[PDB]
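What follows is one chain in structure tokens, specifically the form deposited in one PDB entry.
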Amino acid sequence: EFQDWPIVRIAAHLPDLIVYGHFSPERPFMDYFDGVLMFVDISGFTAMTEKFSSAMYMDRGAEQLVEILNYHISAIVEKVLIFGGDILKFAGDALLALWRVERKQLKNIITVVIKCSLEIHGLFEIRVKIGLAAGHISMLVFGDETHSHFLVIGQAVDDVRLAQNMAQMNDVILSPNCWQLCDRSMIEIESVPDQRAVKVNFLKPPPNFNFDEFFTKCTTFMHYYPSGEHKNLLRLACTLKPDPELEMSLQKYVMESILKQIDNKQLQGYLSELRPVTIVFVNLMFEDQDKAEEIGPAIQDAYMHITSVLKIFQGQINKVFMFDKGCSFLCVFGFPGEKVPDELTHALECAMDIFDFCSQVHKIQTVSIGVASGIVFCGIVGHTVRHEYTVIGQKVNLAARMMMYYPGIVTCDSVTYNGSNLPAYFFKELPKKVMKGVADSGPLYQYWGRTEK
């Protein structure tokens, strides 16, 4: 069976949630379902990226880094996939997976997903941290006529965020609702101080229990688990055949430079690089009460403005995420074929413009934007059959921490400040705060703009 069609290469960049969806053209588009979520945090992906920028790697640092990264990440991905999970998104520091099932099956699937989590830790004995949640999930699709983005939002998402930030290395933490829904007969746990979540210590199945048979019966409930003559494929998406309307929808989710590689119009290694870029990390905050029905339209309206300004200032959205009631856009200036000599001025002017517009979007409570510039790793991270263009580096992390620790304003780092072709009074030096995992930032600045108010 031939399976290397463009439509299949595109599907590698996308989860089944999207590949096998049937969304209306309305934007935003929202659907609702139940599932189990797994969030995997890898530690070290910070440490080593800065190591691979060393002269030791003789200008092959990016190539060496993506190689060892994909070696470790693709092992996690195939464990997720063989246990029937759908990898939703990659960040440089993590991936989020989903088991979507009917509510009656959540209890059994949690057991599957806990075994899956234990075998992932078994790969590394470099380490990982895992948080699990279960419950209601809302999916949000937003975009315009040529670009689409998705998010998951809701109960189980907020819960998986809770569980993930308590975990330490080698932990598997269960959401309070996952603990309440799971088969406590079979899972041995320990309480975590000052918390209602639990840590999983052991999986203790009854004497009769056979996990392989158990798993096989659970695949009964997985619509897209490969079986029969496709039982040794990692994804059913590998079997997709050419279908112009489906490819038309799917390609809207993928950045243009990726599509050019998919079409064999660019060397397949062109996108692995340590490159100077400016990161513009945009956070849109909503109130705790807000429902997904109201968040979706706000994000759509914000997005319609973000995308138009990015095009003017030649930036791109690399990743969208949401947690802690905040939707964040990882924007990048100076991507593989998009470097300009006034890049820094443009990143700030684009930030300020995004700030001013989104701050007048109804239901958005706070806009916060961090700007940082420097060498970041760029590349396609994951497994052959499931992977995504991602940016990694201290500057990515610094921009993200700035928008968190300095809410409601536009901040920038010292590189962006000194290297902008703007006068100093457009800026304000800021009190330097201690920030998680950020070792002396340098001086930071608020981008005040051209006039006092």
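Don't overthink the numbering: it's just position in the shown sequence, from 1. Only residues modelled in both forms are compared. In this text, rigid core is short for the largest set of C-alphas that superpose within 1.5 Å between two forms.
Student: If the chain runs straight from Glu125 to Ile126, say none; otherwise bin the unmodelled deposited residues as 1 to 3, 4 to 9, or 10 or more.
Tutor: In the deposited sequence, 4 to 9 residues between these two have no coordinates.
Student: Out of 387-395 and 411-419, which one has CA B-factors that are higher on average in the deposited record?
Tutor: Between 411-419 and 387-395, it is 411-419 that shows the higher mean C-alpha B-factor.
Student: Mean C-alpha B factor from the entry: is it higher for 199-207 or for 351-359?
Tutor: Comparing 199-207 with 351-359, the higher average CA B-factor belongs to 199-207.
Student: Select one of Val40, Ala424, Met403, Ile68: the residue whose C-alpha shows the highest B-factor in the crystal structure entry.
Tutor: Going by the entry's C-alpha B-factors, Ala424 comes out highest.
Student: Considering only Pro226, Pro244, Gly370, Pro336, which residue's Cα atom bears the greatest B-factor as recorded?
Tutor: Largest recorded C-alpha B-factor: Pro336.
Student: By the record's CA B-factor, is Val434 among the lowest, middle or highest third of residues in the chain?
Tutor: Top third by C-alpha B-factor.
Student: What third of its chain's C-alpha B-factors does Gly85 belong to: lowest, middle or highest?
Tutor: Lowest third of the chain for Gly85's C-alpha B-factor.
Student: Mind checking which third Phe215 falls in for C-alpha B-factor across the chain?
Tutor: Middle third - that is where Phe215 ends up once the chain's C-alpha B-factors are sorted.
Student: Split into thirds by Cα B-factor across the chain's modelled residues, where does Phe221 land: lowest, middle or highest?
Tutor: CA B-factor rank for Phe221: middle third.
Student: Considering only modelled residues of the same chain, in which third does the CA B-factor of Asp158 rank: lowest, middle or highest?
Tutor: Answer is middle: the recorded C-alpha B-factor places it there.
Below, we turn to the form deposited in another entry, even though it does not appear here.
Student: Once the rigid core is lined up, just say which one of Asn70, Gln64, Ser43, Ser414 has a C-alpha that travels 2 Å or more between this form and the one not shown.
Tutor: One residue passes the 2 Å cut-off, namely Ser43.
Student: Please say whether, between this form and the one not shown, the C-alpha of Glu245 moves by 2 Å or more once the core is aligned.
Tutor: Shift at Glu245: below 2 Å after core fit.
Student: For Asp212, is the C-alpha shift between this form and the one not shown 2 Å or more after core superposition?
Tutor: False for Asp212: its C-alpha shift is below 2 Å.
Student: For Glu273, decide whether the Cα shift between this form and the one not shown is 2 Å or greater, given a superposition on the rigid core.
Tutor: Stays below the 2 Å threshold, so no.
Student: Flagged pair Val371/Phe45: C-alpha distance shifts by 3 angstroms or more in the other entry. Which direction, closer or farther?
Tutor: They are farther apart; the C-alpha distance rises by 3 Å or more in the other entry.
Student: Given a CA distance change of at least 3 Å, are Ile137 and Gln289 closer or farther in the other entry?
Tutor: Relative to this form, closer in the other entry.
Student: If I superpose on the rigid core and flag every C-alpha moving 2 Å or more, which consecutive runs of 3+ residues come out between this form and the one not shown, in sequence order?
Tutor: Core-superposed, displaced stretches are 43-47, 288-291.
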